Structure formats: C-alpha cells, structure tokens
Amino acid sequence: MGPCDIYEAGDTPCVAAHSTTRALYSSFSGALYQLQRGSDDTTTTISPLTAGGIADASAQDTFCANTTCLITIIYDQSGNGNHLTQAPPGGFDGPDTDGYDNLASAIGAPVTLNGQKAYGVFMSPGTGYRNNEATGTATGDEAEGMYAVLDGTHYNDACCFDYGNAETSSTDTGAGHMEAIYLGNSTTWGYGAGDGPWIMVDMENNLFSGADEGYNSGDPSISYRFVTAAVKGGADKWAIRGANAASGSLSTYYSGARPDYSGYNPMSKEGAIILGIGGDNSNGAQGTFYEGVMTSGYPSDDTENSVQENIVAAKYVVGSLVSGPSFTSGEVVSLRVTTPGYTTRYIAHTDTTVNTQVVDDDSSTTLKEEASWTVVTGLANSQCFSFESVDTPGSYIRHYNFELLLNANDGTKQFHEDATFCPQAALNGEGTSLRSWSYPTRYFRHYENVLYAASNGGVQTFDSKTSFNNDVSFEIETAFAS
C-alpha cells in the first residue's frame, strides 16, 4: 500500500496527491509530472517505472540533455484533477511574466528512493504552484488532514513556504481562510523553540506554532534533511506532528482547540491548493517538496503513523548534485569562455563586478589574480563549490539581484547560499556549467561580457535564450596566478 491507500483504509481518503518522486497509490501508473525544456519549449511527462513505483528519472535526463528543464505541472494522482500548475499573481505579484510565480527547476533536488533515482521540487524565492479550482478539498469548517515530505535544511524566514488549503482568489480574505503546512523560520507571526525551522499551520494572517499567537515553546526546531510534516484540522481542533522522514515516528507538537482569536473557529476554508507560496501569493520563501497529500476528514494518529512508516520505507536519500569535470577543494583555476567570438576571455572581476576579460600570459600580475579562483567546498552545500578570489581572499562570487558580484563572506546562511554553485556537464559539451544551488534555474552566464546568474529564457535581459548554452559553458584551465 502507498500513503493514499493507507489514508483510504483509515477512512480519510486523499482528495489531492502530489509527488515528483513516486506514486502515492500502489496502483498509480499515470504521469507524476510534466517537464518543459528551454531548447524548444516542448514538453513531456514523467511516470512511475512501474505501478506504485518510483519516477522514471532516466526519461527526464534524456529529455533534458544539453538544455534546461522546468517542472510545469505536478499532477494530482487521486483522479480529482487537482493538478498543480504555475501559480498566478494575487495579493502579491510573482517575479515572472504578468505577475506569475516562477516554475521550479527539474534538477534542483535530486534524490534516490530505496536506491532509485528521482527528482524533487526545489523551490527558490519567487517559485510557486497552485490550483484555484480544486475538487474534493475541505471548505468552511470541514475537516482535513495533509502531509508533505520536505527538506528541513532548505528554508528561509520570508512568507511563506506552504502546502495546503488556501483562498481561491489568491488574496488574503481573512483569518480562517487558509489551512496549510508551513516550514521555515519566519517569526513575523508564530514561531517555535530554538533557531528553527518550524512546522507551523498557516490559518491566514497567522502562522501558528501552538494555541497562542506568536511564540509557542511546544513547537521544536526540526531540521532533518528529510522532514515529514503532518497537519490536520477539524471543528475547533487541529494538530502539528513532525518526524524525520528517513527514520522513526511522528511526534505531536500540538493537538488541541483552535487559537482563541476571532475568525479561527469556525474556519472558512476555500479549498484552493497552494505549494511554496502564501494564500495571497506572498512569494519570498524557499523550500523543497518531494511528496504530499490532502485528505477529506480528520486522520487518526494511527493512520498518520502508518503513513510515516511507509515514508520511512521509501528510504529517501540525498542524490548527486554534480556532474561533468568538477573540482577539488583548494584547487585554483581560471575559467574560459567558450562562446564563439569570445573564446579568449576569462571570468574575472573589476572591483565587485564579476565579468569576462581578455587575460593571457602578458597580463599584469594583478589581472592574472583577478582571473584566478580558489575553489573551496560549497559554503551552503558540501557537494557543490564556492569560488574565492585570489587577489581578494575572503571574498567569493555570489549572486545578488541575479548579478554575479565579488563580496566578502559575512558568514551568514544567506551569503553561503548566494555563493554556492554546483558543477554540471557543460550544456554545449565544452567544460562545465555552474548551476546556482539556491536558484537551480540559473547558471553562471556572461552577457555583454558581464557575469549573471541567468536562466534559459526569463524576464531579465540577461536571461536571453540567444546563445544561452554557449554562454553558460566554461572550460576549466590552469590558474593564471599559477
């Protein structure tokens, strides 16, 4: 049995089931999600290898070879048609065309389930999915349960990395008009103990970590690489239960009556489904979604325990984020442009601006150093890497407003994430392509001889698809600074 077979047996059937990694029903063999590649904007679907099995990652790799891919749709496996598509603008506009939120990269969250390769949904700030015409989802004060397997190490404090029930108008219609899982360390509303992140329940105009608005000591920080967040709500009752998705049981962080504030009892759920954003489309949060469902009815603890048992059995393990030549920590290199007509240029920097310049044996000692980089273990992820300036030790290449800058490491999580890049076999076959760890839809890309963290097509001029593949491919050579 799969998670939804378990919920069905527990008398609280799934009304929405989403996952890019595996089938959530033992009998499901349909499409798990849809992909769209940047080379020609064509699409294709990825289905389980077998009924109730793991996604066919090989099919994705084949379709996405020598180009970039986006996850356009996360299909609803229940049959209710509650598929998740690109989230629309609402109370807040997204950063994409006409206010839509960004689609997620198809390769930002590689994993293996019991040894089989699969891809999760790595969501950077601005990314979001939604379905504002869902069927079967609880409305009003109707009871529902839900869970999601997330990455407890991928999060931030901006509103709001949610998965669950929200408004069908994509706007904030008041307290009680939402009921969704939240994972992050926002403290604007509720928050738990420690540094976070915390699993909280977004009931609109409030993220709740317990009965009181604001701080609630009963909700602990949970930072497992794979987190199972289980939330449920019914008539004047709700609960938060969490666990290490890779091992053990769910622990109850909260179970009791609704927060005693106007609008939360009875609830006024609208039934829309959101992923990675807030009800009003607040889109500043980040996180990773692997699988999750929403049910009709209030799940018993026993039913959820069986679901957690199943998740553990799926055996989630982190996958490889790197491919191609790659590097070794401590190694010093110079990166050469491969785009025809700019092949004598190297990645360098003029003060804080990262750019490309013609550097050769005749260059000054200073310029040779500005075109030389010490490759160190990724500041935000040990699999990837960070690039430290040779002339300016202590400073690394980092993206800011999608421009690559050379700034001093302040030791903060944010800097670390902005400064971590994962090597990928060059899209044009020449060398390597450095993919941003925090924004996997973006890569080192030279445009007008300046370096950016650009996507294959986008709202920024430097996201131009023209010569993208060549512009994000660099040959790794001996450092000029020796």
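Heads up: residue numbers just count along the shown sequence, starting at 1.
Chemist: 69 to 77 versus 150 to 158: which one carries the higher mean Cα B factor per the record?
Modeler: According to the entry, 69 to 77 carries the higher average C-alpha B-factor.
Chemist: Tell me which stretch has the larger mean Cα B-factor in this entry, 405 to 413 or 238 to 246.
Modeler: Stretch with the higher mean C-alpha B-factor: 405 to 413.
Chemist: From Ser300, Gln308, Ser105, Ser262, can you pick the one with the highest C-alpha B factor in the entry?
Modeler: Top of the list by C-alpha B-factor: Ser262.
Chemist: For the listed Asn114, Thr168, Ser296, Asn165, which has the peak Cα B-factor recorded in the PDB entry?
Modeler: Reading the PDB entry, the winner on C-alpha B-factor is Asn114.
Chemist: Relative to the other modelled residues of the same chain, rank the CA B-factor of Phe63 and answer lowest, middle or highest third.
Modeler: Highest third - that is where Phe63 ends up once the chain's C-alpha B-factors are sorted.
Chemist: Relative to the other modelled residues of the same chain, rank the CA B-factor of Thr21 and answer lowest, middle or highest third.
Modeler: Its C-alpha B-factor, which the entry lists for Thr21, ranks in the middle third among residues of this chain.
Chemist: Using only modelled residues of the chain, where does the Cα B factor of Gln34 rank: lowest third, middle third or highest third?
Modeler: Middle third - that is where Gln34 ends up once the chain's C-alpha B-factors are sorted.
Chemist: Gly218: which third of its chain by C-alpha temperature factor?
Modeler: Answer is highest: the recorded C-alpha B-factor places it there.
Chemist: Tell me, lowest, middle or highest third: where does the Cα B factor of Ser438 rank within its chain?
Modeler: For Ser438, whose C-alpha B-factor we compare with every modelled residue in the chain, the answer is the lowest third.
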